[PDB]
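In the structure tokens that follow, the same protein chain appears in two forms, which are kept apart as structure 1 and structure 2.
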Structure 1
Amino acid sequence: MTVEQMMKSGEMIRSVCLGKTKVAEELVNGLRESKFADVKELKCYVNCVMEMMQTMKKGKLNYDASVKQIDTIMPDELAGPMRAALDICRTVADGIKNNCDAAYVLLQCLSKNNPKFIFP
């Protein structure tokens, strides 16, 4: 429930997805600063995170599942802006067959459209 809980859940998801993908930690930190480097392992890190957050399955957005997860994990003042960005970006990755590519396109759009953007 707490923001401290969010920070804990976020650290858990980062750890697991770093371990899976073996991506540089600086690359991942850049995702919070609009540095969306075109690096396969970083795109696949993003896909890992969205799959753990129940936000995508097979590189396709599950809108209802995403909203449920956003609202559980994030405090209200961050969840609201995230929901608005998800609505704005709802169809942005449609027609992109590669899973990591689709997750990454979605992430860029969420960041572009959420002034209070955060990501594990």
Structure 2
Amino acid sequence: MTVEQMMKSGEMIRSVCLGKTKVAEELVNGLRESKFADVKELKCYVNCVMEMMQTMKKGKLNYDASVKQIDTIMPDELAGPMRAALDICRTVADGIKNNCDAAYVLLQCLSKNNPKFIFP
């Protein structure tokens, strides 16, 4: 995928998701700094992004789509550590019934376990 198209989609996804949840941008930017504030609309922003990316459905991790996406967006140097994160975190959100909470728990884990973590 082209940097052009990849940036475009990540922007698209951010646009859609900021639109649906009306979260403050600073909060969303906070995420890339591991500031995981317990804010309902920030949690649902995260869930929105994961649903858009096909990585989560009905608050459940669907694994192969995530690896595809990791490997497509990231170069090898980064995907290595990130697929690892997804493996370490594969069952971390099981039994979380609320979709937004489940997504947020997964993001926390991915960020804790991946030094090259990026998020739309």
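Think of the rigid core as the biggest set of C-alphas that the two forms share within 1.5 Å after superposition. Quick note, the numbers are simply positions in structure 1, starting from 1.
Just one of the listed positions, 44, 74, 86, 28, moves its Cα by at least 2 Å between structures 1 and 2 when the rigid core is held fixed, and it is 74. After superposition on the rigid core, the Cα atom of residue 8 is displaced by 2.3 Å between structures 1 and 2. Superposed on the core, the two forms differ at residue 103, whose C-alpha moves 0.1 Å between structures 1 and 2.
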